[PDB]
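Per the working numbering: the sequence shown ends with 131, consecutive numbering throughout.
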Amino acid sequence: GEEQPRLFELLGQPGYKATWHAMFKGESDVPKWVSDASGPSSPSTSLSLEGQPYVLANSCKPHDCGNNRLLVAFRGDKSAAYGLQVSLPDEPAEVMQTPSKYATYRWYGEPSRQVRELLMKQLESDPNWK
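Following this line, the structure appears as structure tokens:
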């Protein structure tokens, strides 16, 4: 794996910007923060999945970061992107303990099961995520 720019940085580049835009074609009721994907973001990673390259990026909703997470997998060649939006409720307190049991997921780009799993692994890289 190799460090890559953060999502807001990637999306400033003409190539990633265009692939991202294309991902939302035909989608309805997409929150502005998701299509913008301009909020806090930790470093991305380029890696391989069974010999196919992806750039795995993340962001979260400004000022509601823990409860609103975005994970993205761009193909290495930038020809397609796949996305995962994670939503957590505010209550009960145990959401913080086992967020996986409370989360609602929305998928973008019609990812395969294997790409879905790759995106879940990125989410699960947070040591508090369980």
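We treat Cβ as the ideally placed atom computed from N, Cα and C, and that holds for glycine.
Terminal residues of the alpha helix (DSSP H) in which residue i lies
| i | result |
| --- | --- |
| residue 1 | Any question about residue 1 goes unanswered here, given that the chain covers just 2 to 131. |
| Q115 | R114 to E125 |
| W21 | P15 to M24 |
| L12 | First-last for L12: undefined, no H or E at that position. |
Distance CB(residue i)-CB(residue j) smaller than 9 Å
| i | j | result |
| --- | --- | --- |
| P15 | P41 | no |
| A81 | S60 | no |
| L57 | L12 | no |
| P112 | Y83 | yes |
| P93 | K131 | no |
7 Å CB neighbourhood of residue i in its chain, flanking five on each side removed
| i | result |
| --- | --- |
| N129 | none |
| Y103 | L89, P90 and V96 |
| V87 | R70, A104, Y106 and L124 |
| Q115 | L50 |
Contacts around residue i, its chain only, beta-carbon distance under 8 Å, and the 5 residues preceding and following it disregarded
| i | result |
| --- | --- |
| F25 | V31, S36 and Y109 |
| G2 | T46, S47 and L48 |
Spatial neighbours of residue i in its chain, beta-carbon cut-off 6 Å, leaving aside the 5 residues before and after
| i | result |
| --- | --- |
| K79 | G16 and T20 |
| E4 | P44 |
| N68 | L89 |
| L72 | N59, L85, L120, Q123 and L124 |
Boundaries (first-last residue) of the beta strand (DSSP E) holding residue i
| i | result |
| --- | --- |
| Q5 | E3 to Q5 |
Any C-beta of chain B under 9 Å from that of residue i
| i | result |
| --- | --- |
| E10 | Looking at the structure shown, chain B is missing, and only one protein chain is on hand. |
Inset, instruction - Would you mind listing the beta strand (DSSP E) stretches within the segment 40-112 that are 3+ residues and don't spill past its ends, in chain order? - result: 45-50, 53-61, 69-76, 82-88 and 105-109
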